[PDB]
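Protein chains in written order, with the deposited numbering: chain A, 66 to 250; chain B, 66 to 250; chain C, 66 to 250; chain D, 66 to 250; chain E, 66 to 250; chain F, 66 to 250.
Take a look at the structure set out below.
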Ligand SMILES: [Ca+2]
Ligand SMILES: [Ca+2]
Ligand SMILES: [Ca+2]
Ligand SMILES: [Ca+2]
Ligand SMILES: [Ca+2]
Ligand SMILES: [Ca+2]
């Protein structure tokens, strides 16, 4: 029972995309990041995660930081599904996807030229999750999955459509974990 | 963490069956009702269950109410298996099926012209269960399954065999739930 | 502010009906009794209700008492809608009607050869209602409407269909009211 | 009496409009959003609202978040009328419309490239409202209606008129409700 | 929540009428004054009432003051109906009209050459009412309606019938209000 | 003695002006707004002010909100003179006008693309002021006058002079008043 954190780690870059690149609701899913302790190869936290059998986030907050000037605009909504077998990749309505998104807890909505954060909501029971690579069922290994859904046109200084996908910011995880039972795995 | 109830909902009708219709022990299983918050389409509780990620019954009591006069008779035993992968559909002995039945906890045994109830026994650990349709494994989604086993001949005012299956009563659920984490699913 | 009761009054007879008489879900509505203080002409309570401007039930419990032997059977569900502009007269599914019924609060379900009761659930706010005949909108005058829905075949001593509608019991109201502001109306 | 929240839901997109599109004061009304628990189809809150007879917002705060860069500008005023039968769609003076707007309580005024919020002011009495679709009178069902009034020219990086309506941001509701009396409706 | 008062305002003149002018019970209704905060154009209170969404009288007392010498006589009864959809304009019996009148609460009866007062009885619930002009239903806007019923012949110094209608006094309102939620309307 | 507020009302639009339009120090006075309770026709507060003889602001804070993007710039100083017979319309030096401005109390200085506020400083004595239109002397009726002085060139994204006056934002009043003695005026 070893409590590590609070500490940070780098997740991914994030790319806003031009209207032309969004043909269906599923195309609005800019990132889909699994949030096991073990799902960020090269990171400190995933490095650690191979040395205990199980983990549980106490706090795991995804932090978006922009890389983009205030002369472009694009609205995201960001959220963490605690059920890794739910999947919005297959909803046929744009509005429905964004609704399902904001209705998660801790969801947050913002213009992509701005830093914002989203907490992982912790379970009511005290469930721990298996470290390491996924085996038969994700519900044993993934405490959550982080999503960014693009809700709005990527727009320019004059309100006109940007013609080309733009890598716009980065995701970082600010984390506090309990790890249980030393293993090497 | 939203505690809903106590409240009621309608499950199914129940049909006692004539000796002729019971050829094997499995034929004695008059109802097999899964008891997830999400397994009664059209009900209030299942309606609700799509708006939180997980659920746990605090109390979930199945209530049988008769629809049959006191000039017919038939003895049921009613019980809720907390393991949704156990399955008595395949026991070859009549006595064995009814034994396995009464030995569950909260089991109850009664003449079908009488109201009776059966509680779901809550887990010793504090396990929550996934709302919504079942995915890979039922043990993640079904907190229990409700059974009525017919133990006795459906008999008439004079002790003679009724010749024809008789829809004899109804099942209702009186429930108290915790729902955790708002989702739309 | 005059608190009258607890006291009783006679509402109506109730008639269970033969399978032949139930052609659509709406046909299952055996009684539809508005529950204003002023909606039972000839009764003591309605007599009183003309002498105050407004009323509010503190307790208003509908009591069914059978008039039928234990050699017939028929299952009712009884409930009081607090919204007098809701109307189930127009649901196309049998199951749906009974579900909507049991899901009301204080609903109760029983075999028609048995006395049972159903309370009116009081509002969370402290709303009073206008006495006397209805004017433009029922929501100003009807604190609730009482329903009996028949859920099951009217059946005989041997489990066979009764061929003819049967007046089976009676409804009584056991009431406690606040009446406000003396008027003659 | 079930207290749900605090939680979020997605209302609508919002479109600022070019001077050319604003010909009369009524044309300044960019959004007119009824705020019953039941008036946002597809949302979590409206999903819930079909399972209780009545509702009352404890807090219902409309949150505008921009989708527009800092090289355009346009001033809104946002407010929630608690009377759903008041209607400014028919005032003949521009100034008068905006005055009537800011004079509501909780009104707020801002440049559309900025996140801002507006609370629903709660009633002095403790009135609950009917869930579900509107029947005869809105005053029984709508606790309020949310408005955005555009007060200023949609202007570009150089102070010149934008020639074309611009979908500029989104509305979200951060809500806390009491729901009373379980119903299915 | 702004408590204004105690303060006064002028309602109307009142005209006693000669036997010849009273042909039916309805003709005895000398005044019929709605008592919303907003129903006295030109007054201070109605002036105010356009700047809050709703109102509720705490005290609203109608004060009759004579304008007539002690050599004429005529008996009034004065009362305030809290139900603005009740209407005595259509009772066929003289006695019945005056009875219905005195039986209101706070009713008062007097000779028209004398100052007298009548309070509005406040509701048992805490209902607020909509300010401004009436929309669909008066029960949302009128907290009450004030009546003067003439019960007796307008008579002269010698007990003989006055031949001609006589404007005999004036009505004033002494009021204390709560106004809720600033609006301009 | 009726304390109204805190509440808001709309004052005016404000127009920054191009270098060409500023020929003398007096031309820098972009707004000159008298702040009696009675000096904003159409507003809620001025509406109210006709129903008491006198008023005194407890707090009266002028709130500027921009309507202009961050690609233009212009520095204002905003202040409220408590002496309505002082008048800077006639100072011959630019620096002197702005000095006299910032030296008022509660004065505030800012770039016009930014929300800022300025309080009215309350008197050391407890002076009340006459409501309604001005009669012989302003010192009996105006508790203060609000000014915006432009201190800097209206400049573009590249530091070059904007050639044309630009309506740049709006003024709102957030107020708390005591009103004394009911009158109709
Ligand atoms: Ca392992
Ligand atoms: Ca799920
Ligand atoms: Ca009445
Ligand atoms: Ca309803
Ligand atoms: Ca109104
Ligand atoms: Ca004056």
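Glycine residues also receive a C-beta, built at the ideal position from the N, C-alpha and C atoms.
#1: Do you know offhand how far residue 204 (chain D)'s Cα is from residue 70 (chain B)'s?
#2: List the residues of chain D that residue 65 (chain C) touches, going by C-beta distances under 9 Å, in chain order.
#3: Relative to the alpha-carbon of residue 78 (chain C), which residue among C:245, C:238, C:249 has its alpha-carbon at the smallest distance?
#4: Can you find the residues in the same chain that come closer than 7 Å, C-beta to C-beta, to residue 229 (chain C), ignoring five residues on each side of it along the sequence?
#5: Pick from C:220, C:180, C:222: whose alpha carbon is nearest that of residue 129 (chain C)?
#6: Checking the sheet assignment: what are the DSSP bridge partners for residue 14 (chain B)?
#7: Is the closest heavy atom of ligand 4 to the C-beta of residue 116 (chain D) under 7 Å?
#8: Going by beta carbon distance, what residues of the same chain come within less than 8 Å of residue 140 (chain A), once the five residues before and after it are set aside?
#9: Kindly list the residues whose CB is nearer than 6 Å to the CB of residue 80 (chain E), restricted to its own chain and excluding five residues on each side of it in sequence; keep chain order.
#10: For residue 119 (chain A), decide whether its Cβ has a neighbour in chain B, counting only Cβ atoms nearer than 8 Å.
#11: Name the chain D residues that come within less than 8 Å of residue 191 (chain C), Cβ to Cβ?
#12: Just mark residue 147 (chain B) as buried or exposed, buried being the case when its beta carbon has 16 or more other beta carbons within 10 Å.
#13: Have a look at residue 107 (chain D) and residue 96 (chain A) and give me their C-alpha separation to the nearest angstrom.
#14: Using CA coordinates, which residue listed in C:171, C:133, C:189, C:157 is at the minimum distance from residue 67 (chain D)?
#15: Taking residue 110 (chain A) as part of the alpha helix (DSSP H), name the residues at either end of that continuous run.
#16: Is any heavy atom in ligand 6 found nearer than 7 Å to the beta carbon of residue 192 (chain F)?
#17: Relative to the C-alpha of residue 184 (chain F), which candidate in F:72, F:211, F:162 has its C-alpha closest?
#18: Does DSSP classify residue 127 (chain E) as helix, strand or coil?
#19: Using alpha carbons as the reference points, say which of A:100, A:165, A:221, A:213 lies closest to residue 92 (chain A).
#20: Going by alpha carbons, who is nearest to residue 221 (chain D) out of D:76, D:169, D:137, D:115?
#21: Along the chain, where does the alpha helix (DSSP H) containing residue 135 (chain F) start, and where does it finish?
#22: At which residues does the beta strand (DSSP E) containing residue 248 (chain E) begin and terminate?
#23: Around the Cβ of residue 200 (chain F), are there at least 16 other Cβ atoms within 10 angstroms (buried) or fewer (exposed)?
#24: Between which two residues does the alpha helix (DSSP H) containing residue 162 (chain A) stretch?
#25: With a threshold of 8 Å between beta carbons, is residue 138 (chain B) in contact with chain C?
#26: Say yes only if the C-beta of residue 196 (chain E) is nearer than 7 Å to one or more non-hydrogen atoms of ligand 5, and no if none qualify.
#27: By DSSP, does residue 238 (chain D) sit in helix, in strand, or in coil?
#28: For the candidate residues E:90, E:88, E:94, E:117, whose alpha-carbon lies nearest to that of residue 102 (chain E)?
#29: Closer than 7 Å by beta-carbon distance: list the chain A residues that pair up with residue 109 (chain D), in chain order.
#30: Ligand 4 and residue 148 (chain C): does the residue's C-beta get closer than 7 Å to at least one heavy atom of that ligand?
#31: When burial is assigned at 16 or more other CB atoms within 10 Å of the CB, is residue 170 (chain F) buried or exposed?
#32: Just reading off the beta strand (DSSP E) that residue 173 (chain D) is part of, what are its end residues?
#33: Using C-beta distances below 7 Å, list every residue in its chain close to residue 234 (chain E), excluding the 5 sequence neighbours before and after it, in chain order.
#34: Please state if the CB of residue 208 (chain A) and the CB of residue 194 (chain A) are separated by a distance shorter than 8 Å.
#35: If we ignore side chains and look at the alpha-carbon of each, how far apart do residue 236 (chain C) and residue 127 (chain C) end up?
#36: My assumption, with CB atoms under 8 Å, is that residue 123 (chain A) sits in contact with residue 105 (chain A). Please give the rounded CB distance.
In short:
#1: Position 139 of the fourth chain holds residue 204 (chain D). Position 5 of the second chain holds residue 70 (chain B). Using only the alpha carbons, I get a separation of about 29 Å.
#2: The question about residue 65 (chain C) has no answer here: the residues shown for chain C are numbered 66 through 250.
#3: Taking the first residue of the third chain as position 1, residue 78 (chain C) is located at position 13. It is C:238.
#4: For this step, residue 229 (chain C) is matched to residue 164 along the third chain. The answer, listed in chain order, is 83.
#5: Taking the third chain and counting its residues from 1, the one referred to as residue 129 (chain C) is at position 64. Measuring from the Cα of residue 129 (chain C), the nearest candidate turns out to be C:180.
#6: The displayed coordinates of chain B run from 66 to 250. Any statement about residue 14 (chain B) would go beyond what the structure contains.
#7: Taking the first residue of the fourth chain as 1, we reach residue 116 (chain D) at position 51. No, Cβ of residue 116 (chain D) sits at least 7 Å from all heavy atoms of ligand 4.
#8: Sequence index remark: in the first chain, residue 140 (chain A) carries index 75 (1-based). The residues are 174, 175, 176, 177, 215, 216, 217.
#9: In the fifth chain, counting from the first residue as 1, residue 80 (chain E) sits at position 15. These residues qualify, in order along the chain: 230, 232.
#10: The residue labelled residue 119 (chain A) in the question sits at position 54 within the first chain. For residue 119 (chain A), the answer is no, since every Cβ of chain B falls outside 8 Å of its Cβ.
#11: Within the third chain, residue 191 (chain C) is the residue found at index 126, counting from 1. Ordered by position in chain D, the residues that pass the 8 Å Cβ test against residue 191 (chain C) are 191.
#12: Your numbering for residue 147 (chain B) matches position 82 in the second chain. Counting Cβ neighbours within 10 Å, residue 147 (chain B) comes out buried, since at least 16 surround it.
#13: Counting from 1 along the fourth chain, the entry for residue 107 (chain D) is found at position 42. Counting from 1 along the first chain, the entry for residue 96 (chain A) is found at position 31. If I take the Cα positions, the gap works out to 24 Å.
#14: For this step, residue 67 (chain D) is matched to residue 2 along the fourth chain. That would be C:189, whose Cα lies nearest to the Cα of residue 67 (chain D).
#15: Position 45 of the first chain holds residue 110 (chain A). 109-114 is the extent of the alpha helix (DSSP H) around residue 110 (chain A).
#16: Here residue 192 (chain F) refers to the residue found at position 127 when the sixth chain is read from its first residue. Answer for residue 192 (chain F): no, Cβ out of range of ligand 6.
#17: Within the sixth chain, residue 184 (chain F) is the residue found at index 119, counting from 1. Minimum Cα-Cα distance from residue 184 (chain F) among the listed residues F:72, F:211, F:162 corresponds to F:211.
#18: By 1-based counting over the fifth chain, the position of residue 127 (chain E) is 62. If DSSP states are grouped into helix, strand and coil, residue 127 (chain E) belongs with the strands.
#19: What you label residue 92 (chain A) is simply residue 27 of the first chain in a count that begins at 1. Closest option to residue 92 (chain A), Cα to Cα, is A:213.
#20: In the fourth chain, residue 221 (chain D) corresponds to position 156, counting from 1. The option with the nearest alpha carbon to residue 221 (chain D) is D:137.
#21: Translated into positions along the sixth chain, residue 135 (chain F) becomes position 70. No alpha helix (DSSP H) holds residue 135 (chain F); DSSP gives it neither H nor E.
#22: Within the fifth chain, residue 248 (chain E) is the residue found at index 183, counting from 1. Run containing residue 248 (chain E): none; DSSP gives neither H nor E here.
#23: The sequence position of residue 200 (chain F) within the sixth chain is 135, counting from 1. It counts as exposed.
#24: Stepping through the first chain from its first residue, residue 162 (chain A) is reached at position 97. Segment 159-167, the alpha helix (DSSP H) holding residue 162 (chain A).
#25: In the second chain, the residue the question calls residue 138 (chain B) occupies position 73. It does not: the Cβ of residue 138 (chain B) has no partner Cβ on chain C nearer than 8 Å.
#26: Along the fifth chain, one-based indexing puts residue 196 (chain E) at 131. Residue 196 (chain E): yes, Cβ under 7 Å from ligand 5.
#27: As a first step, residue 238 (chain D) must be located in the fourth chain, where it is residue number 173. Correct three-state label for residue 238 (chain D): strand.
#28: As a working note, residue 102 (chain E) is residue 37 in the fifth chain. Of E:90, E:88, E:94, E:117, the residue nearest in Cα terms is E:117.
#29: Translated into positions along the fourth chain, residue 109 (chain D) becomes position 44. Going along chain A in sequence order, the residues near residue 109 (chain D) (Cβ under 7 Å) are 168.
#30: Within the third chain, the letter at position 83 stands for residue 148 (chain C). Yes, ligand 4 has a heavy atom inside 7 Å of this Cβ.
#31: On the sixth chain, position 105 is the one that residue 170 (chain F) refers to. Residue 170 (chain F) should be labelled exposed.
#32: Your numbering for residue 173 (chain D) matches position 108 in the fourth chain. Its beta strand (DSSP E) spans residues 173-176.
#33: The residue labelled residue 234 (chain E) in the question sits at position 169 within the fifth chain. The beta carbon of residue 234 (chain E) sits closer than 7 Å to those of 79, 129, 130, 131, 132, 133, 177, all from its chain and outside the five residues before and after it, given in chain order.
#34: Here residue 194 (chain A) refers to the residue found at position 129 when the first chain is read from its first residue. Here residue 208 (chain A) refers to the residue found at position 143 when the first chain is read from its first residue. Closer than 8 Å, so yes.
#35: Position 171 of the third chain holds residue 236 (chain C). Position 62 of the third chain holds residue 127 (chain C). When rounded, the distance between both Cα atoms is 7 Å.
#36: Translated into the one-based positions of the first chain, residue 123 (chain A) becomes position 58. Translated into the one-based positions of the first chain, residue 105 (chain A) becomes position 40. Residue 123 (chain A) to residue 105 (chain A), Cβ: 18 Å. No contact.
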